[PDB]
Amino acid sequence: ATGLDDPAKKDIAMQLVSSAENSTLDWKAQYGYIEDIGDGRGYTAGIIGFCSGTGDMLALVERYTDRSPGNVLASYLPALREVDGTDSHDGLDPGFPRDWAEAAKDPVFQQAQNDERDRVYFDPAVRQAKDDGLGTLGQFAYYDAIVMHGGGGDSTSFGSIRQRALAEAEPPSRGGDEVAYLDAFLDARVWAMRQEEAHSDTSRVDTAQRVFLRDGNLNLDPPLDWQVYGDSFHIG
């Protein structure tokens, strides 16, 4: 019941991430979203942008189908298993986007999306932050990082960002000052964003996370006011 695991704080986290990914606090509006944006990942869909090309859409539909056999997306499993690793729409078109939108009306699919987001991103990020001895803000910083950068082994992954920060500063779990460590983590996060795109817009740190940190809002308590990409947001 503590930190970002508090239901109210958890939803604040989801809103904060949504402001950067969707330019709105309304993260749930994305349950039914589905498009191929031409990034090589095939169809990108749902609340975290599950992809047909990367395996996570497949894992999501498998889990939905375990809980709800013969649901509308179940017929697409052979195709999803086949196109995995590629941007191909073979076996998905023409009906997949329509059927995705229909499934998104099912609270069970919505819960499946929530649970996959939490299995891959939220639970690991919050658990690692708490182990490092960080408060709610720090827990949020880890979550936003893993959402954008993933939990892989690559040079700008969440794990790699964390390792960079630990080299510059000790975490509270090892006697370090929390503000100094969080400044190091945000530095590392910005370093990674710039590696992935040179002229990256780092506002989700610069005019949000760094601002909360400078305000000493270590427990991430409303009112929260921030900007991402120049749009202003407020949670009272």
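From 1 onward, residues are counted along the sequence shown.
Remark: stretch with higher mean C-alpha B factor among 1-9 and 227-235 is 1-9. Between 66-74 and 206-214, it is 66-74 that carries the larger average Cα temperature factor according to the deposited entry. Residue set 170, 56, 187, 36: peak C-alpha B-factor at 170 (per PDB entry). Highest CA B-factor among 130, 81, 117, 149, as stated in the entry: 130. Per the PDB record, residue ranking by Cα B-factor puts residue 41 in the middle third of the chain.
When the modelled residues of the chain are ordered by their C-alpha B factor, residue 193 lands in the middle third.
Ranked by Cα temperature factor within the chain, residue 144 sits in the lowest third according to the deposited record.
In the deposited entry, the Cα temperature factor of residue 113 sits in the bottom third of values across the chain's modelled residues.
The entry lists a Cα temperature factor for residue 161 that places it in the highest third of the chain's modelled residues.
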